[PDB]
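Chemist: my sequence and its experimental structure, below.
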Number of protein chains: 2
Amino acid sequence: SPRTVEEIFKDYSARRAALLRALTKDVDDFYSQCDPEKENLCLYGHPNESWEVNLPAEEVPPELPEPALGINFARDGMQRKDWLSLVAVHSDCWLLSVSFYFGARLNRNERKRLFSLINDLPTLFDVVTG
Amino acid sequence: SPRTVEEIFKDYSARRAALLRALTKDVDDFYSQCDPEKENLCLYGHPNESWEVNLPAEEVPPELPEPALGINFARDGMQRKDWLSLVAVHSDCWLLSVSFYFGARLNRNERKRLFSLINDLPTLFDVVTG
């Protein structure tokens, strides 16, 4: 549904706001929801700025790009800060993938402008790794 | 493993070369391999410029971003050109996601340069939709 650079970037910013909160202010709650004994889980950010840990979407044909899957399985197999960094990079990549999915019909200069806006804030990886 | 802008972009270009071939010169072979009756399939491009239709990777923790899953299931539920366009956009998004996964440690100007190189060729969606 987002189609202009402005619309796509508003959608990006809202989803990123959700994931930022999951990985910082709410990191303890997000961590606990990523139970290694559950089935495969993903971290989603929604355009209403809510984050969600849930099963992967079951959609045919695939619609939005999907976040990294099974992040819960290896939660305790590495230092907590390394697991958080891995989730952060994958969340950065998901946010970028989603925006350029909505942006499939953008022309070359529009793609450049959209990436410029995305590249105006630190990545989640940058935030989480300090 | 790719770490510099040059390394990441070489990896991107090789993977994209593979997907370009799948969606153009080899489109009939790629289409046939995407059997709607098989289990869920994805279109992968490898850095040796080979494309592959296969089951999704089973990796914990998730390593590379994964391509769109189950593209075979809806192959015949839309016009062939629309299915190809959908695969193309998702392949564009996967290629971008992979590069910025390898590029997690790039600084702001490096991210800008990497996207600029990616944005120097038409997207697969642009190629396929003419």
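Modeler: It's in. Numbers count the residues shown, from 1 in each chain, chains lettered A, B, ... in the order given.

Chemist: now do the strand or helix carrying residue A:127: which elements does it pack against?
Modeler: Element membership of residue A:127 [criterion: DSSP states H and E] is helix A:124-129. Applying 3 or more Cβ pairs under 8 Å, 6 or more residues apart in numbering or on different chains; DSSP states H and E, one finds that helix A:124-129 makes contact with helix A:5-23, helix A:80-102. Yep, even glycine has a C-beta here, placed from its N, CA and C like the rest.

Chemist: is the helix or strand just after the shortest one positioned near chain B?
Modeler: Sequence-wise, the next helix or strand beyond helix A:5-23 is helix A:27-33, with elements assigned using DSSP H and E. No. Using Cβ under 8 Å from any Cβ of the partner chain as the criterion, no contacts between helix A:27-33 and chain B are found, and the smallest distance is 14.3 Å.

Chemist: so what touches stretch A:57-65?
Modeler: A:66, A:94, A:97-98, A:101, B:68-71, B:73-74, B:77-78, B:83, B:86, B:90, B:93-94, B:97 (Cβ atoms under 8 Å, 6 or more residues apart in numbering or on different chains).

Chemist: who does the nearest residue to residue A:15 once chain neighbours are set aside bridge with?
Modeler: Leaving aside its chain neighbours, residue A:15 sits nearest to residue A:45 (3.7 Å; criterion: Cβ to Cβ, 6 or more residues apart in numbering or on different chains). Per DSSP bridges, the residues bridged to residue A:45 are residue A:51.

Chemist: wait, residue A:45 touches residue A:95, no?
Modeler: Yes. The pair residue A:45 / residue A:95 is scored as a contact, 7.2 Å apart, by Cβ atoms under 8 Å.

Chemist: overlap in contacts, these two.
Modeler: Between them, residue A:45 and residue A:95 share these contacting residues under Cβ under 8 Å, 6+ apart: A:15-16, A:19.

Chemist: quick one: which of those has the most company?
Modeler: When neighbours are counted by other Cβ atoms under 10 Å in any protein chain shown, residue A:19 leads these with 26 neighbours.

Chemist: that one: what's it in contact with?
Modeler: Per Cβ under 8 Å, 6+ apart, neighbours of residue A:19: A:43, A:45, A:51, A:91, A:95, A:124.
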